[PDB]
Amino acid sequence: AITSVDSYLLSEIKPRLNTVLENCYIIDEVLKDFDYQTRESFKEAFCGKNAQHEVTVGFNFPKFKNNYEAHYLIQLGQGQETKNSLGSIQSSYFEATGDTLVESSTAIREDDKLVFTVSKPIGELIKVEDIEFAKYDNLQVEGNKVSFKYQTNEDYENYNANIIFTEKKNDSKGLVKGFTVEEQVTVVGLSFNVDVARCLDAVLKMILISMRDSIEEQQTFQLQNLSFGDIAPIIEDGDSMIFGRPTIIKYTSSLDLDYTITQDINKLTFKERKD
Amino acid sequence: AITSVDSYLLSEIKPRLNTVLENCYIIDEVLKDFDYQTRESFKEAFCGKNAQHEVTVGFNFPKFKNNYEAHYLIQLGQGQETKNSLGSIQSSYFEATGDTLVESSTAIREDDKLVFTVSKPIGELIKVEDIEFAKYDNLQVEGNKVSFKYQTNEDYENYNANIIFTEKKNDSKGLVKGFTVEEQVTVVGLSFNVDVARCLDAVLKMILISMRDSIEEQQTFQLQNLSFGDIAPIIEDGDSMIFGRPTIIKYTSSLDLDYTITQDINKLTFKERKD
Amino acid sequence: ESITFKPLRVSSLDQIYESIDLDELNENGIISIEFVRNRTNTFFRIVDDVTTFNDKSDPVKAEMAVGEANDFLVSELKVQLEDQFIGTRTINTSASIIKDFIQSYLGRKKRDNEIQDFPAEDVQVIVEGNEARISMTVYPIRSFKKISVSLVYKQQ
Amino acid sequence: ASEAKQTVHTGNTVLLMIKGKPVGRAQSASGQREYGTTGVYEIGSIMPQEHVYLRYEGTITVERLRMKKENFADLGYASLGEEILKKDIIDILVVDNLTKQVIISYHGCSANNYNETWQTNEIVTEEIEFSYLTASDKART
Amino acid sequence: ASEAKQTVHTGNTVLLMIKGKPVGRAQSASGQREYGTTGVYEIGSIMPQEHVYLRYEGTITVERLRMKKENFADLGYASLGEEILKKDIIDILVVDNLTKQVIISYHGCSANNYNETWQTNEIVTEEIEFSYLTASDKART
Amino acid sequence: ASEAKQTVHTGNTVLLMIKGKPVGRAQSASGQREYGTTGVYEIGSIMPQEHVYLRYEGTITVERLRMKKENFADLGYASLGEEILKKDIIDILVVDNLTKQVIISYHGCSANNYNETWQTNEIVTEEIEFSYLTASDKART
Amino acid sequence: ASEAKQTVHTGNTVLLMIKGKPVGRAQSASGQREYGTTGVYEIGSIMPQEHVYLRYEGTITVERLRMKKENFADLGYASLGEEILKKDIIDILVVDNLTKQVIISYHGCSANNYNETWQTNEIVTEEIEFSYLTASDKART
Amino acid sequence: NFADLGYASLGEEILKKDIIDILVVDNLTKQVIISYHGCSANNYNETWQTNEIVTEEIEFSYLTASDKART
Amino acid sequence: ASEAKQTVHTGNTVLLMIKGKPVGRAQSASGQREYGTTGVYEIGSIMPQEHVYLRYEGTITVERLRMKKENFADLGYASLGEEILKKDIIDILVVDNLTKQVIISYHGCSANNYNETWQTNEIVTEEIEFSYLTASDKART
Amino acid sequence: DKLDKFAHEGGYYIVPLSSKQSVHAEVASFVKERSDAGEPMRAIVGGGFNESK
């Protein structure tokens, strides 16, 4: 599973940043240490549902003009290989598996079992929220749905559960070959007003903190490290300077490829010899 | 609690610098090692309540002209992440808490208890000056005020105490997620007269020494380190050069965010099974 | 330890039940006293533990000693559990954590010989808002009841 | 994308919990177990005919930064004198940050030695080493 | 070009296999053997007249990164308590990535000690040390 | 290595019983026997023509850590004062832990010596010596 | 691990008393007994038919570090010269520290041997040997 | 074991046990190194311990010892 | 820790004197006593009814490093040849160094054994054994 | 009312010194209530002289 850190960063940042800027309480919590003036100015400009001004995020070298009132700029940076396993072997799988999904699913009644439906089939069930099925419940997964004994659990006929599971792709089996890569990605906020840049950097730090609970980087992009540069004038040739403070984010991910195996043994030929 | 080191530096420097320059005794103590000439010239120019000349402090890249007779210039500098905890967990709290406050409060008489009033409610009481309440005194905090038994302490009805306490924000509980950051901030004094710059640097060093007793950096910005650059001509294109000696200040702070928890257990369902 | 078969100091009894008389009482959930005589000694013994409940299917129902063992086990467990999570200020808790704590408790009892055996995998935990359901099984202890003997005499 | 078939544990996916309380600013922990395997050597063989388990010894260490509150001494988990004799056993749990499922739990933990370092240029640290009766990895999926 | 007459083994040409299952994210392994050679010294000689083999001791260590699944505890190969007593012997095979031929196999492996490290800034690692009855390099070409 | 497959009785596999109870916190047990063997010599030759058995001596030793309850003095299996004359014989069994099969039995055990020790930092050690009438190893087959 | 819950008497839990006082700086204490057990043999068979008890021997040992005050010589519990003939019997008790309950008592203790040592860098060690009439373990229940 | 195999006895059954002959042998060729004739038992010792392996010891007195058939 | 406050006689606190002089380079000293205690037994019961004292045996040992001057042979406190018959009894005192108070005294000391050793790299060791008539501990109070 | 006085006292075993059948029912009902409430108990009963089987 080749990793595109930049796209993941963008997808995590955009909705999360919009949600954070949606409400004032979270912003006030974030900007507790800042002075009244800059805090209130940033809140007036960008914060709130009905904010007239808006921030943006995008990759570097855009052929079009880019808004320099407040923008998050991303560039890919360097990368390095840090650790390897014997034969480049990372893991072995019997059934092809894709991404790990989290889905909410209300309990349902079936003639012998309570069940939960899901969007897609199941390759493996990791966890059901606040449940530890015993032998009596006889937890079974049958494609799309997971099921447990009806009678002794009948109080929970409409349990508002949620599920963490894994997609199923194929029944084939193979080996995972790959290594670990230690990658650096640079993120910088741009603004002709330095105070806006400072507040933007603080918001960036908070959303990076919040991201650590995300499933994907919990499973794929562990060992997050941060590093901040100095406030510098990005450009001097305009009528007014652009000010930005670059930040460097580090991640560790496992670049890997699935090598299928067609060998399947189903018969044995134990015979003696004579001389 | 996101940390803005620059604003804290400014807020600590301005009143403290004004107070230090207010009186001559402290300045004479500071400038003991310097020669008579420069010491007395600086005292004549800047020291004293009725000083005609005055120093200033502000951030870098101001669009307006800035006074270059004597000024403290700040710029943010670099930063780095140095240490982490398991799961990025820093601390656990049952009640939301804000800043740590110190308030003076004269004792008061209540029909059963001596009490101290405070400006704001109490989340936690750290210390009461020169007091170690015993069981007999039965120390209790009830929102705004703290109280102890009247009878055996009646000699102290007007005790001129002071209190170190913590604000109360909410009754909710959550987890503190974050890490430690090792940050560098640059401070430089500017003056077209080199001797004034030297004296200004000495004053800066003294106020940095004095700051170490401050509550906030005792609680937030531990491990202060200093580094001084060489006296250099900041600018040569004017009629006369600007001379300044940059200084680098290091700090360690814990960037963190409070993650609330809505799960509260209040009932138990211990039941057996049959087969 | 059950009161079964233990001696008693009572000087005498109004009636001396026969073997069949004793069997009828015990089979019908009546606890009685039995008399025996040594060479020069006499004992009054408690034949067995039985409650008024008649069915032999479930030992916990029939034998108070077995039911008592279950009673003290659960009650001591729950009160301890209340203190740790309900009573003491707990910030977070998961179903699995409860499962581990339960297994830790049961393992300690076995190490103290209070329980002979149990299924480790049978435990179930469910959490629903502010409530949790716990289900588990433990095998009751079994006491020694019957011995049958036969003798054969032979020459040489 | 996130294929769970290759994921590994790290410091950001683990929590250290005691009595439900997550210990704060915990840095590292190590676990050791010794089965005391020994071989059996006959007269007519240099090779060991078989190995046998004899003795189970296990210790766990924890490194922490001394918070001003809720340190191991203040929490009552550790001890500094005869107060130790009244301290009962504890269970130390390592639980998954994502699912809150258990990864490994130590039962009947007891304290062995206590170390604290006061230093000028670095944050205060303390180390504790426990001896436990048994380990368990139950309560899984 | 590739002249096989000078090739050597490396981490990319080796697989570590147990019960047919390739253990994943395995990092290193070391093998030790001691024949316990001792000399014989006569009265009329400082030199050792001859050496003799007396005792065969051998251990193998394995270092691994704890995957969230199929860790040594979950696989049943290791143990954490009295469950060990019901664990039978195993054979650990080092097999060539290219040909799938065997390079060296350890027979009758038994576990000696178990180590796991939880750390904040690094991926979790675990180490196991086994004691084996005999080694073999058979099944070659 | 496994519980069942090990051909040798480790200390773990063995259990010691007295009068339908196990002996807690047992530490050691030794059994010694002498058949009173002697040689026959005559004038004709120095070499012993035959060997014969004269007297049977049998003793067993046990050590134990004094529990706060269920000691030999508390349990009545051993006595301190004149009450010994009111103590009958005792039978000891050494048992296979797996199946409660018998390994060896001592019949008619009676006490010879009783020793006790207390020390500053050691565990209290209780020792006792038993002399018996016969020792039998039956019911195995 | 805890004070109350430990099933075994550690040295710490025990306290030693004489005549309503504790014995300071005690280090060791041992009690040995012999029932004078013998075997009965006859012409019919080699095996011992029965065992009987003949004579009761009971001795207790104590060691102590010579305090500058309250020694046995100072306290009168032991004597050096002819004053011993003016010393009556003594009773010793070994006590549970928690509750001052009795664990075992020695009645009629009289002195046999008294030993003393001095050395350059060691602590002065005082030892004494007591022979008693009877030993009883009652009032526990 | 010796008790199981009958080479040694615990009770009165010893009187029903005859003499035994022991041989010490070269492993390579099963040649004899030394032999003990007429072995009869003198002492039998047994030990059990918490973490040690069970140790069985026995003492035999014999009539003669011979080293022949080597040449 | 302090000189006066330590409740225990360390070797340093003690001083050994003979005939108004200290003994230089003393290394060890031991005193042993036996009251010749015996038990009374009768036909009625095995238990000893009473204990009595028969004979008094008292011996003291001393070791010393042979100084080039003031040895026992040089000082006349000990003798080698027939001159011993011209040597009278000696009294030994063991003294508190701080105040020259007496701790214990030996009266009527006479010699039993005298031992001497020489070795390549060790210090010359002189040992002597004294038998005395009585030992008294008075003048303390 | 007397039996209700013993609630929340921890006495596992309770014995009424009487032979009245109605009294026995009162204890059985009371014990039933406590057991469900979270306070297990056991009652021991026996009535009269040489009563017929």
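Observations on the structure shown:
- The range A:203-250, residues that are in a loop (DSSP other than H, G, I, E, B) and acidic (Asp, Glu): A:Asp213, A:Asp230, A:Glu236, A:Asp237, A:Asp239
- Residue within the range C:62-85 that is assigned to a loop (DSSP other than H, G, I, E, B), free of Cβ contacts under 8 Å to residues at least 60 places away in the same chain and within 9 Å of another protein chain (Cβ to nearest Cβ) present: no
- Scanning the range H:27-45 for residues that are surrounded by 15 or more Cβ atoms within 10 Å (Cβ to Cβ) and under 19 Å from F:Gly39 (Cα atoms) yields a total of 8.
- The number of residues in the range J:1-46 that are in contact with a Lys or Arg (Cβ under 8 Å, 6 or more places away or on another chain) and surrounded by fewer than 15 Cβ atoms within 10 Å (Cβ to Cβ) comes to 4.
- Subset of the range A:68-126 [among the hydroxyl-bearing types (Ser, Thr, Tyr), in contact (Cβ under 8 Å) with a residue 60 or more places away in the chain and either within 21 Å of A:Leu255 (Cα to Cα) or not in a strand (DSSP E or B) (or both)]: A:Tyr68, A:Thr82, A:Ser85, A:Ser88, A:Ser91, A:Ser92, A:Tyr93, A:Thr97, A:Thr100
- The range A:234-254, subset surrounded by 19 or more Cβ atoms within 10 Å (Cβ to Cβ), at the interface with another protein chain (Cβ under 9 Å from one of its Cβ atoms) and farther than 30 Å from E:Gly24 by Cβ, residue nearest to the chain's Cα centre (by Cα): A:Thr247
- Among the residues making up the range A:201-233, those that are more than 7 Å from every other protein chain (Cβ to nearest Cβ), in contact (Cβ under 8 Å) with a residue 24 or more places away in the chain and hydrophobic (A, V, I, L, M, F, W, C) are A:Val203, A:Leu204, A:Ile207, A:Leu208, A:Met211, A:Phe221.
- Yes/no for A:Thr180 being under 19 Å from D:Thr7 (Cα atoms), in a strand (DSSP E or B), facing another protein chain (nearest Cβ under 8 Å) and of a type in the set (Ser, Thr, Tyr): no
- Residues in the range B:135-149 that are in contact with a strand residue (DSSP E or B) (Cβ under 7 Å, 6 or more places away or on another chain), charged (D, E, K, R) and assigned to a strand (DSSP E or B): B:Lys145, B:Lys149.
- Matching residues in the range I:27-71 - criterion: being in contact with an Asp or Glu (Cβ under 9 Å, 6 or more places away or on another chain) and among the small types (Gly, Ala, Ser): I:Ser28, I:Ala29, I:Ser30, I:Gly31, I:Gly36, I:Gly39, I:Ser45, I:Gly58
- Candidate set: the range G:67-86, residues that are assigned to a loop (DSSP other than H, G, I, E, B) and at the interface with another protein chain (Cβ under 10 Å from one of its Cβ atoms); chosen: the one farthest from F:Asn71 (Cα to Cα): G:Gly81
- With respect to (1) part of a loop (DSSP other than H, G, I, E, B); (2) free of Cβ contacts under 8 Å to residues at least 12 places away in the same chain, the lone exception for C:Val138 is condition (2).
- Test: residue in the range G:11-26 that is away from chain D (no Cβ under 14 Å), within 29 Å of F:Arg66 (Cα to Cα), surrounded by fewer than 15 Cβ atoms within 10 Å (Cβ to Cβ) and in contact with a helix residue (DSSP H, G or I) (Cβ under 9 Å, 6 or more places away or on another chain): yes
- Filtering the range D:71-109 to residues that are buried (at least 17 other Cβ atoms within 10 Å of the Cβ) and of a type outside the set (A, V, I, L, M, F, W, C) leaves D:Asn71, D:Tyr77, D:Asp91, D:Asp96, D:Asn97, D:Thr99, D:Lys100, D:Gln101, D:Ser105, D:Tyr106, D:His107, D:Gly108.
- Scan the range D:27-62 for residues that are in a strand (DSSP E or B), within 7 Å of another protein chain (Cβ to nearest Cβ) and of a type in the set (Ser, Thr, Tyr) and the total you get is 2.
- There is no residue in the range F:110-122 that is out of contact with any helix residue (DSSP H, G or I) (no Cβ under 7 Å at 6 or more places or on another chain), surrounded by fewer than 17 Cβ atoms within 10 Å (Cβ to Cβ), part of a strand (DSSP E or B) and touching a residue at least 40 places away in the same chain (Cβ under 8 Å).
- Taking the criterion of being away from chain E (no Cβ under 14 Å) and among the hydroxyl-bearing types (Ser, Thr, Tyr), the residues of the range D:102-138 that qualify are D:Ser110, D:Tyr114, D:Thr117, D:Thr120, D:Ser131.
- Options E:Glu82, E:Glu57: the member that is touching a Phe, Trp or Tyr at 6+ places or on another chain (Cβ under 9 Å) and free of Cβ contacts under 8 Å to residues at least 12 places away in the same chain: E:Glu82
- Counting only residues that are more than 10 Å from every other protein chain (Cβ to nearest Cβ) and crowded, with 17+ Cβ neighbours inside 10 Å, the range A:27-38 holds 1 of them.
- Verdict on A:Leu257 being out of contact with any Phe, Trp or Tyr (no Cβ under 9 Å at 6 or more places or on another chain), in contact (Cβ under 8 Å) with a residue 12 or more places away in the chain and either assigned to a strand (DSSP E or B) or exposed (fewer than 13 other Cβ atoms within 10 Å of the Cβ) (or both): yes
- Consider the range A:92-121 and keep the residues that are charged (D, E, K, R) and closer than 25 Å to A:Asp155 by Cβ. The one that is surrounded by the fewest Cβ atoms within 10 Å (Cβ to Cβ) is A:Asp111.
- Qualifying positions in the range I:1-26 - outside any loop (DSSP other than H, G, I, E, B) and either out of contact with any strand residue (DSSP E or B) (no Cβ under 7 Å at 6 or more places or on another chain) or free of Cβ contacts under 8 Å to residues at least 12 places away in the same chain (or both): I:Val8, I:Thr10, I:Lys21, I:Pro22
- Checked against (1) surrounded by fewer than 16 Cβ atoms within 10 Å (Cβ to Cβ); (2) within 14 Å of chain A (Cβ to nearest Cβ); (3) part of a loop (DSSP other than H, G, I, E, B); (4) touching a residue at least 24 places away in the same chain (Cβ under 8 Å), B:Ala1 passes all but a single condition, namely (1).
- For the residues A:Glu132, A:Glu103, A:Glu95, the requirement of being touching a strand residue (DSSP E or B) at 6+ places or on another chain (Cβ under 9 Å) and within 14 Å of chain C (Cβ to nearest Cβ) singles out A:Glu132.
- Residue in the range B:61-73 that is of a type in the set (A, V, I, L, M, F, W, C) and crowded, with 19+ Cβ neighbours inside 10 Å present: yes
- Within the set B:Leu204, B:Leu208, B:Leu223, the sole residue that is more than 11 Å from the chain's Cα centre (by Cα) and on the phi > 0 side of the Ramachandran plot turns out to be B:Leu223.
Read the figures in this text as sums done on the coordinates, not as results from a lab. Using ideal geometry, Cβ is built from the backbone for each residue, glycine included, and neighbour counts are taken over all protein chains shown.
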